[PDB]
>>> print(open('work_29.txt').read())   # compact mmCIF, C-alpha atoms and all ligand atoms
# COMPACT_ATOMS: atom_id res chain seq x y z
CA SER L 1 113.70 228.86 226.72
CA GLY L 2 115.22 229.91 230.01
CA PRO L 3 115.59 227.31 232.79
CA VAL L 4 112.65 226.63 235.13
CA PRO L 5 113.47 227.69 238.74
CA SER L 6 113.82 225.49 241.84
CA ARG L 7 113.59 225.64 245.63
CA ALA L 8 115.07 223.39 248.31
CA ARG L 9 112.40 220.98 249.62
CA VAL L 10 113.79 221.60 253.12
CA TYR L 11 115.31 224.50 255.06
CA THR L 12 114.16 226.83 252.30
CA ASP L 13 113.72 230.04 254.36
CA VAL L 14 116.27 229.57 257.16
CA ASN L 15 118.33 232.64 256.18
CA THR L 16 115.20 234.68 255.36
CA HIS L 17 114.08 234.64 259.02
CA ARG L 18 117.59 234.83 260.55
CA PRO L 19 119.11 238.30 261.03
CA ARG L 20 121.14 240.02 258.28
CA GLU L 21 124.33 239.70 260.36
CA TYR L 22 123.95 235.90 260.26
CA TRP L 23 124.34 235.48 256.49
CA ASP L 24 125.82 238.78 255.21
CA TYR L 25 129.50 237.82 255.54
CA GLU L 26 130.57 241.00 253.70
CA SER L 27 129.59 243.27 256.62
CA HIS L 28 131.37 241.09 259.21
CA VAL L 29 134.14 242.18 261.61
CA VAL L 30 136.99 239.77 262.37
CA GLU L 31 138.02 239.66 266.03
CA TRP L 32 141.75 238.97 265.76
CA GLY L 33 143.85 237.08 268.28
CA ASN L 34 147.44 237.01 269.49
CA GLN L 35 149.64 235.49 266.74
CA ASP L 36 152.45 235.07 269.31
CA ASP L 37 150.32 232.37 270.96
CA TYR L 38 151.06 230.05 268.03
CA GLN L 39 154.35 228.48 266.99
CA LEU L 40 154.54 226.66 263.66
CA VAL L 41 156.12 223.19 263.68
CA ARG L 42 155.53 221.51 260.37
CA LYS L 43 154.05 222.09 256.92
CA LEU L 44 151.23 219.60 256.27
CA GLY L 45 150.34 220.80 252.76
CA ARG L 46 150.02 223.42 250.01
CA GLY L 47 146.74 224.26 248.27
CA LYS L 48 145.70 226.72 245.60
CA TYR L 49 143.90 228.69 248.34
CA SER L 50 146.19 228.30 251.39
CA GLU L 51 149.19 226.71 253.12
CA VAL L 52 148.52 224.46 256.13
CA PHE L 53 150.71 223.94 259.17
CA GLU L 54 150.76 221.73 262.21
CA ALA L 55 151.40 224.06 265.16
CA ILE L 56 151.36 224.43 268.93
CA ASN L 57 149.34 226.80 271.12
CA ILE L 58 152.06 228.16 273.43
CA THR L 59 149.50 229.37 276.01
CA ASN L 60 148.31 225.82 276.94
CA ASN L 61 150.55 223.41 274.93
CA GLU L 62 147.60 222.14 272.78
CA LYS L 63 148.38 220.75 269.32
CA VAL L 64 146.68 222.79 266.62
CA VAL L 65 146.30 223.31 262.84
CA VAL L 66 146.93 226.64 261.12
CA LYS L 67 145.41 227.39 257.71
CA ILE L 68 147.16 230.47 256.31
CA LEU L 69 145.02 231.79 253.46
CA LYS L 70 146.50 233.09 250.22
CA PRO L 71 145.16 236.50 249.10
CA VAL L 72 142.25 236.03 246.63
CA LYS L 73 139.10 237.93 247.68
CA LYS L 74 138.15 239.45 251.06
CA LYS L 75 134.62 238.28 250.13
CA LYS L 76 135.60 234.56 250.12
CA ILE L 77 137.82 234.90 253.21
CA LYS L 78 135.23 236.44 255.52
CA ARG L 79 132.71 233.94 254.17
CA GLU L 80 134.77 230.95 255.39
CA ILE L 81 135.32 232.61 258.79
CA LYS L 82 131.63 233.48 259.24
CA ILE L 83 130.36 230.01 258.26
CA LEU L 84 132.82 228.32 260.66
CA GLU L 85 131.75 230.64 263.48
CA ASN L 86 128.05 230.01 262.76
CA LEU L 87 128.67 226.24 262.76
CA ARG L 88 130.92 226.18 265.86
CA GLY L 89 129.88 223.39 268.23
CA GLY L 90 127.76 221.46 265.74
CA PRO L 91 128.31 217.70 265.51
CA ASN L 92 131.43 216.69 263.59
CA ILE L 93 131.97 220.18 262.20
CA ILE L 94 135.57 221.21 262.62
CA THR L 95 136.11 223.84 265.30
CA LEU L 96 137.63 227.24 264.61
CA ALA L 97 139.70 228.03 267.74
CA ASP L 98 141.07 231.44 266.61
CA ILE L 99 141.92 233.88 263.77
CA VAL L 100 145.33 235.64 263.62
CA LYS L 101 147.32 237.76 261.15
CA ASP L 102 150.42 235.90 259.98
CA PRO L 103 153.26 238.48 260.09
CA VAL L 104 155.08 237.03 257.04
CA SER L 105 152.19 236.50 254.60
CA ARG L 106 150.11 239.43 256.00
CA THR L 107 146.90 237.39 255.52
CA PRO L 108 144.40 235.85 257.94
CA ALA L 109 145.29 232.48 259.46
CA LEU L 110 142.60 230.16 260.78
CA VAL L 111 143.49 228.12 263.87
CA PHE L 112 141.58 224.85 264.20
CA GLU L 113 141.55 221.97 266.65
CA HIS L 114 143.86 219.09 265.73
CA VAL L 115 142.53 215.82 264.30
CA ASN L 116 144.93 212.82 264.28
CA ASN L 117 143.83 211.85 260.79
CA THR L 118 144.63 208.74 258.74
CA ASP L 119 145.44 208.75 254.99
CA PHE L 120 142.21 208.02 253.06
CA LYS L 121 144.05 205.60 250.72
CA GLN L 122 145.01 203.49 253.75
CA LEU L 123 141.53 203.81 255.27
CA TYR L 124 139.06 202.88 252.50
CA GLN L 125 140.97 199.64 251.88
CA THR L 126 140.25 198.68 255.50
CA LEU L 127 136.74 199.76 256.52
CA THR L 128 134.35 196.94 257.33
CA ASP L 129 130.66 197.09 256.47
CA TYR L 130 129.95 198.37 259.99
CA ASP L 131 132.62 201.11 259.86
CA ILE L 132 131.19 202.42 256.55
CA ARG L 133 127.69 202.79 257.97
CA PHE L 134 129.11 204.25 261.18
CA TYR L 135 131.07 207.05 259.54
CA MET L 136 128.38 207.70 256.90
CA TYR L 137 125.89 208.36 259.73
CA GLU L 138 128.54 210.60 261.31
CA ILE L 139 128.95 212.65 258.13
CA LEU L 140 125.15 212.82 257.87
CA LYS L 141 124.86 214.40 261.33
CA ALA L 142 127.22 217.09 260.01
CA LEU L 143 125.46 217.66 256.71
CA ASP L 144 121.97 217.87 258.23
CA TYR L 145 123.28 220.36 260.82
CA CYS L 146 124.91 222.70 258.29
CA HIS L 147 121.91 222.43 255.91
CA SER L 148 119.67 223.21 258.95
CA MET L 149 121.83 226.28 259.57
CA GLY L 150 121.25 227.30 255.94
CA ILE L 151 124.65 226.39 254.51
CA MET L 152 125.67 224.00 251.73
CA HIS L 153 129.23 222.63 251.72
CA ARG L 154 129.68 222.27 247.92
CA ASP L 155 132.98 220.36 248.29
CA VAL L 156 132.09 217.08 249.95
CA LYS L 157 134.80 214.55 249.20
CA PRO L 158 137.01 212.04 251.09
CA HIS L 159 139.96 214.49 251.41
CA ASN L 160 137.69 216.95 253.24
CA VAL L 161 136.69 214.35 255.86
CA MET L 162 139.24 213.85 258.63
CA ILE L 163 138.75 210.54 260.43
CA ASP L 164 140.64 209.54 263.59
CA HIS L 165 139.95 205.77 263.33
CA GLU L 166 141.62 205.10 266.69
CA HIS L 167 138.94 207.07 268.61
CA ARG L 168 136.27 206.78 265.88
CA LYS L 169 136.29 210.59 265.65
CA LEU L 170 135.17 212.29 262.42
CA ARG L 171 135.29 215.94 261.32
CA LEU L 172 134.11 217.70 258.18
CA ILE L 173 136.76 220.27 257.20
CA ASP L 174 137.48 222.95 254.60
CA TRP L 175 134.44 225.23 254.48
CA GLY L 176 136.16 227.45 251.91
CA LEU L 177 133.59 226.73 249.18
CA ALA L 178 130.60 226.67 251.58
CA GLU L 179 127.82 229.20 250.89
CA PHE L 180 124.49 230.39 252.22
CA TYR L 181 121.44 228.94 250.54
CA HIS L 182 119.01 231.74 249.63
CA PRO L 183 116.01 230.66 247.50
CA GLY L 184 115.93 231.93 243.91
CA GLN L 185 119.69 232.61 244.02
CA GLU L 186 121.87 231.47 241.11
CA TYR L 187 125.22 230.05 242.22
CA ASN L 188 128.48 229.41 240.40
CA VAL L 189 128.53 225.91 238.89
CA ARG L 190 132.34 225.74 239.21
CA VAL L 191 132.45 224.10 242.65
CA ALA L 192 133.35 220.70 244.13
CA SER L 193 135.89 218.27 242.65
CA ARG L 194 135.25 216.67 239.25
CA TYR L 195 134.44 213.15 240.37
CA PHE L 196 131.88 214.43 242.88
CA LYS L 197 130.12 217.11 240.82
CA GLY L 198 126.39 216.46 240.56
CA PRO L 199 124.72 216.64 237.15
CA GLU L 200 123.18 220.05 237.93
CA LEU L 201 126.71 221.53 237.93
CA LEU L 202 127.57 219.54 234.78
CA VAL L 203 124.59 220.78 232.74
CA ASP L 204 125.12 224.36 233.97
CA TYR L 205 121.99 224.58 236.16
CA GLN L 206 122.70 227.36 238.67
CA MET L 207 119.65 227.14 241.01
CA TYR L 208 120.93 224.20 243.04
CA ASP L 209 120.72 223.70 246.81
CA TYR L 210 121.73 221.60 249.85
CA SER L 211 121.01 218.45 247.83
CA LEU L 212 124.25 218.98 245.85
CA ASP L 213 126.05 217.72 248.97
CA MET L 214 123.89 214.58 248.90
CA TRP L 215 125.00 213.70 245.37
CA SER L 216 128.64 213.93 246.44
CA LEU L 217 127.96 211.84 249.55
CA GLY L 218 126.42 209.28 247.22
CA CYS L 219 129.59 209.22 245.12
CA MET L 220 131.72 208.66 248.26
CA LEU L 221 129.47 205.76 249.27
CA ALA L 222 129.52 204.15 245.83
CA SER L 223 133.32 203.99 245.92
CA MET L 224 133.43 202.62 249.47
CA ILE L 225 130.96 199.73 249.02
CA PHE L 226 131.91 198.86 245.41
CA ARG L 227 135.63 199.50 246.07
CA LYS L 228 136.01 201.66 242.93
CA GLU L 229 137.96 204.90 243.51
CA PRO L 230 136.74 207.13 242.02
CA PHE L 231 133.34 205.59 241.13
CA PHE L 232 132.59 208.02 238.26
CA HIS L 233 136.08 208.47 236.73
CA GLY L 234 135.78 211.29 234.17
CA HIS L 235 138.70 212.87 232.26
CA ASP L 236 137.14 216.35 232.22
CA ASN L 237 133.80 217.97 233.09
CA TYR L 238 132.21 216.85 229.78
CA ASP L 239 133.33 213.22 230.12
CA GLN L 240 132.15 213.26 233.73
CA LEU L 241 128.49 213.59 232.67
CA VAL L 242 129.05 210.67 230.23
CA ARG L 243 130.39 208.32 232.96
CA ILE L 244 127.38 209.03 235.12
CA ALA L 245 125.17 208.39 232.11
CA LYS L 246 126.82 205.03 231.30
CA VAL L 247 125.56 203.97 234.75
CA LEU L 248 122.26 205.90 235.27
CA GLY L 249 121.31 206.06 231.59
CA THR L 250 120.36 208.83 229.20
CA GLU L 251 116.59 208.48 229.18
CA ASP L 252 116.40 209.74 232.80
CA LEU L 253 119.03 212.34 231.96
CA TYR L 254 116.86 213.78 229.23
CA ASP L 255 113.75 213.73 231.46
CA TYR L 256 115.73 215.67 234.08
CA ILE L 257 116.83 218.48 231.77
CA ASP L 258 113.48 218.74 229.99
CA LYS L 259 111.74 219.11 233.35
CA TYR L 260 113.89 222.20 234.12
CA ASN L 261 114.04 223.43 230.46
CA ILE L 262 117.85 223.13 230.41
CA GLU L 263 119.59 222.82 227.08
CA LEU L 264 122.73 220.69 226.83
CA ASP L 265 126.03 222.02 225.54
CA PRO L 266 125.91 221.12 221.83
CA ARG L 267 129.23 219.17 222.32
CA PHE L 268 127.15 216.40 223.92
CA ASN L 269 125.46 215.49 220.60
CA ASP L 270 128.76 213.84 219.60
CA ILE L 271 129.83 211.99 222.76
CA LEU L 272 126.76 211.30 224.92
CA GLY L 273 125.28 208.33 223.07
CA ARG L 274 122.32 206.38 224.37
CA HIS L 275 122.87 204.21 227.45
CA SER L 276 120.60 201.89 229.36
CA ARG L 277 120.30 202.41 233.09
CA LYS L 278 122.36 199.65 234.70
CA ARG L 279 121.40 197.52 237.70
CA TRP L 280 123.66 197.96 240.78
CA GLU L 281 124.23 194.19 240.84
CA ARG L 282 126.73 194.55 237.97
CA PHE L 283 129.18 196.48 240.18
CA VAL L 284 129.23 193.65 242.72
CA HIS L 285 131.99 191.02 242.67
CA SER L 286 133.95 188.63 244.94
CA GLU L 287 136.15 191.44 246.36
CA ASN L 288 133.41 193.86 247.55
CA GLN L 289 130.34 191.64 248.26
CA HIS L 290 130.80 191.71 252.05
CA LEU L 291 130.19 195.50 251.85
CA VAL L 292 126.99 195.28 249.75
CA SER L 293 123.49 194.53 251.01
CA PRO L 294 119.93 195.21 249.79
CA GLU L 295 119.65 198.20 252.14
CA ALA L 296 123.01 199.68 250.94
CA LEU L 297 121.85 199.57 247.35
CA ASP L 298 118.46 201.03 248.27
CA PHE L 299 120.10 204.01 250.03
CA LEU L 300 122.70 204.52 247.29
CA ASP L 301 119.92 204.40 244.71
CA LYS L 302 118.05 207.26 246.45
CA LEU L 303 121.19 209.48 246.57
CA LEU L 304 122.37 209.05 242.97
CA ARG L 305 119.38 210.48 241.10
CA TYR L 306 119.62 213.13 238.38
CA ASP L 307 116.73 215.19 239.72
CA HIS L 308 118.21 217.08 242.65
CA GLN L 309 114.64 217.46 243.97
CA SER L 310 114.10 213.70 244.26
CA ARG L 311 117.26 212.95 246.29
CA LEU L 312 117.15 211.99 249.99
CA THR L 313 117.71 214.87 252.36
CA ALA L 314 120.23 214.35 255.14
CA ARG L 315 117.52 213.76 257.77
CA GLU L 316 115.56 211.25 255.67
CA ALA L 317 118.85 209.47 255.04
CA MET L 318 119.53 209.11 258.77
CA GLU L 319 116.16 207.27 258.95
CA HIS L 320 117.15 204.56 256.43
CA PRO L 321 117.31 200.84 257.46
CA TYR L 322 120.95 200.92 256.28
CA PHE L 323 121.72 202.61 259.67
CA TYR L 324 119.63 200.28 261.88
CA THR L 325 122.68 198.16 262.64
CA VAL L 326 124.60 201.23 263.81
CA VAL L 327 124.73 201.86 267.54
CA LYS L 328 122.99 205.08 268.66
CA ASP L 329 123.02 207.15 271.86
CA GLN L 330 120.27 206.72 274.50
CA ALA L 331 123.16 207.14 276.99
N1 LIG R 1 141.32 220.38 261.41
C1 LIG R 1 142.28 219.77 260.78
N2 LIG R 1 142.94 218.72 261.36
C2 LIG R 1 143.96 218.04 260.74
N3 LIG R 1 144.40 218.31 259.54
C3 LIG R 1 143.76 219.34 258.95
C4 LIG R 1 142.72 220.13 259.45
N4 LIG R 1 142.31 221.09 258.56
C5 LIG R 1 143.09 220.92 257.50
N5 LIG R 1 144.00 219.86 257.69
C6 LIG R 1 145.13 219.35 256.59
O1 LIG R 1 144.85 220.34 255.41
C7 LIG R 1 144.35 219.36 254.29
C8 LIG R 1 143.15 219.98 253.75
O2 LIG R 1 143.36 221.39 253.59
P1 LIG R 1 141.96 222.41 253.36
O3 LIG R 1 141.62 222.92 254.63
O4 LIG R 1 141.12 221.43 252.53
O5 LIG R 1 142.61 223.54 252.55
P2 LIG R 1 142.37 224.09 250.91
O6 LIG R 1 142.57 225.70 250.83
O7 LIG R 1 141.21 223.45 250.39
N6 LIG R 1 143.68 223.52 250.38
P3 LIG R 1 144.05 222.36 249.11
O8 LIG R 1 143.00 221.49 249.35
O9 LIG R 1 145.21 221.69 249.64
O10 LIG R 1 143.97 223.12 247.90
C9 LIG R 1 144.27 217.97 254.98
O11 LIG R 1 144.66 216.91 254.17
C10 LIG R 1 145.24 217.99 256.27
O12 LIG R 1 146.52 217.65 255.93
CL CL R 2 132.13 230.91 244.61
>>> encode(input="work_29.txt", output="structure tokens")
Amino acid sequence: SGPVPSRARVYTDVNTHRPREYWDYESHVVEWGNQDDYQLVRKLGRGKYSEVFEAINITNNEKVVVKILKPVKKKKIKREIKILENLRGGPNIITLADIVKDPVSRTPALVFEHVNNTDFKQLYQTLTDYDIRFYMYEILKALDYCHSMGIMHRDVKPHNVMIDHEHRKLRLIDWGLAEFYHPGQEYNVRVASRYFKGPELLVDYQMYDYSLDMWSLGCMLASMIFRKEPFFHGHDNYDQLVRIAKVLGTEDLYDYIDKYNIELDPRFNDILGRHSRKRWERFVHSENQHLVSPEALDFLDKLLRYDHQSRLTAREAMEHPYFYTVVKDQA
């Protein structure tokens, strides 16, 4: 028993027919810029992988954001730079304006455009049913683009989505965990945040694809329409698979892992139980019912499936009646 393999149903051979220099981020040269052009103003935040500053381009007075990367691996650093460059100009993908060496830290520093973002705790307590569809379509444009350029995000969550609600502007940020989908390739299952890890990561299945991003988008949507943040609230990676299973049930969980000849961590024998699949109507109450509709549940239902192969792709998702009410773009 070794796991059965898997391919993406879409965009399977994008990077097989693109040049080597497209996807091979190892053999990539960084074209540096003048660091004296930028003047730091304010610390916005500290991560495990970087510090982040609000800043000002001194050459044209533009406001700007500077992600100074901590030293970890030149592999990971060039990878983020090369994916951002490849995706430059795509819809609602955040724009890399420059790359400079910070003289203090001696590490690369990524200069992005500025987004006048709103706190996500303030924002998900205020979105109307229309706003939720609007921005979900906007994230979908971004996901289908990056998938169509042969790149999975692997860290889709509300913190990584900057929304300027004033101008209805949206931008998908932090491509630090993004990677190139190559068919047959086994990836590291230690990606994304806990609440938004799909079951493939949780059962240690390494041959995942673009559709991982769709599971996470489904988690984001569940919390927005049901007003439960986070929707699957697990204490650790083992309990996370149990919370999903209290909702989606264990019979379909076992079908999923038998289909790919995956064996569960023995520790599950003593915590997993047997759980009926629940109907989405149970999560509906007086305080979130204005956000729920038949078409919202239908869409959500097609995103939160165990089988990564049976999930809606980004393009199929954009075709759902859930988005019919949303205003498009003939002019
Ligand atoms: N283009 C941008 N516009 C505005 N704010 C941004 C932008 N990019 C990053 N930020 C800020 O940086 C945060 C996200 O940092 P990210 O780029 O996710 O770095 P990271 O290495 O993942 N760091 P951490 O998440 O903090 O461990 C946001 O909450 C903002 O405060
Ligand atoms: Cl990795």
>>> residues_near_ligand(input="work_29.txt", ligand="ligand CL 2 (chain R)", cutoff="12 Å", atoms="only C-alpha atoms and all ligand atoms", output="JSON, numbers by chain")
{"L": [72, 73, 75, 76, 77, 79, 80, 152, 153, 154, 155, 175, 176, 177, 178, 179, 180, 186, 187, 188, 189, 190, 191, 192, 206]}
>>> residues_around(input="work_29.txt", residues="residue L:239", least_positions_apart="6", cutoff="12 Å", atoms="only C-alpha atoms", output="list in words")
residues 194, 195, 197, 199, 202, 203, 232, 233, 245, 246, 267, 268, 270, 271, 272 and 273 of chain L
>>> atom_distance(input="work_29.txt", atom1="atom CA of residue L:161", atom2="atom CA of residue L:138")
10.5 Å
>>> closest_atom_pairs(input="work_29.txt", of="chain L", to="ligand LIG 1 (chain R)", cutoff="6 Å", atoms="all atoms listed in the file", output="CSV")
residue,atom,partner,partner_atom,distance
L:44,CA,R:LIG1,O12,5.1
L:45,CA,R:LIG1,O12,5.9
L:46,CA,R:LIG1,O9,5.1
L:47,CA,R:LIG1,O10,3.0
L:48,CA,R:LIG1,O10,4.6
L:49,CA,R:LIG1,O6,4.1
L:50,CA,R:LIG1,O6,4.5
L:52,CA,R:LIG1,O1,5.6
L:65,CA,R:LIG1,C1,5.7
L:94,CA,R:LIG1,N1,5.9
L:112,CA,R:LIG1,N1,5.3
L:113,CA,R:LIG1,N1,5.5
L:114,CA,R:LIG1,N2,4.5
L:115,CA,R:LIG1,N2,4.1
L:159,CA,R:LIG1,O11,6.0
L:160,CA,R:LIG1,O4,5.7
L:173,CA,R:LIG1,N4,5.8
L:174,CA,R:LIG1,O3,4.1
>>> residues_around(input="work_29.txt", residues="residue L:165", least_positions_apart="2", cutoff="10 Å", atoms="only C-alpha atoms", output="MDAnalysis selection string")
chainID L and resid 116:118 123 127 131 135 162:163 167:170
>>> closest_residue(input="work_29.txt", among="L:295, L:81, L:43, L:1", to="residue L:28", atoms="all atoms listed in the file")
L:81
>>> closest_atom_pairs(input="work_29.txt", of="stretch 80-167 of chain L", to="stretch 307-316 of chain L", cutoff="9 Å", atoms="all atoms listed in the file", output="JSON lines")
{"residue": "L:140", "atom": "CA", "partner": "L:314", "partner_atom": "CA", "distance": 5.8}
{"residue": "L:141", "atom": "CA", "partner": "L:314", "partner_atom": "CA", "distance": 7.7}
{"residue": "L:142", "atom": "CA", "partner": "L:314", "partner_atom": "CA", "distance": 8.9}
{"residue": "L:143", "atom": "CA", "partner": "L:314", "partner_atom": "CA", "distance": 6.4}
{"residue": "L:144", "atom": "CA", "partner": "L:314", "partner_atom": "CA", "distance": 5.0}
{"residue": "L:145", "atom": "CA", "partner": "L:314", "partner_atom": "CA", "distance": 8.8}
{"residue": "L:147", "atom": "CA", "partner": "L:314", "partner_atom": "CA", "distance": 8.3}
>>> closest_atom_pairs(input="work_29.txt", of="stretch 147-185 of chain L", to="stretch 7-25 of chain L", cutoff="8 Å", atoms="all atoms listed in the file", output="tab-separated table")
residue	atom	partner	partner_atom	distance
L:147	CA	L:11	CA	7.0
L:148	CA	L:11	CA	6.0
L:149	CA	L:14	CA	6.9
L:150	CA	L:14	CA	5.6
L:180	CA	L:23	CA	6.6
L:181	CA	L:15	CA	7.4
L:182	CA	L:15	CA	6.6
L:183	CA	L:7	CA	5.9
L:184	CA	L:7	CA	6.9
>>> atom_distance(input="work_29.txt", atom1="atom CA of residue L:290", atom2="atom CA of residue L:225")
8.6 Å
>>> atom_distance(input="work_29.txt", atom1="atom CA of residue L:137", atom2="atom CA of residue L:193")
22.1 Å
>>> closest_atom_pairs(input="work_29.txt", of="stretch 72-187 of chain L", to="stretch 296-302 of chain L", cutoff="12 Å", atoms="all atoms listed in the file", output="Markdown table")
| residue | atom | partner | partner_atom | distance |
| --- | --- | --- | --- | --- |
| L:129 | CA | L:296 | CA | 9.8 |
| L:130 | CA | L:296 | CA | 11.5 |
| L:132 | CA | L:296 | CA | 10.3 |
| L:133 | CA | L:296 | CA | 9.0 |
| L:136 | CA | L:296 | CA | 11.3 |
>>> closest_residue(input="work_29.txt", among="L:198, L:71, L:266, L:218", to="residue L:241", atoms="all atoms listed in the file")
L:198
>>> closest_residue(input="work_29.txt", among="L:67, L:59, L:99, L:124", to="residue L:288", atoms="only C-alpha atoms")
L:124
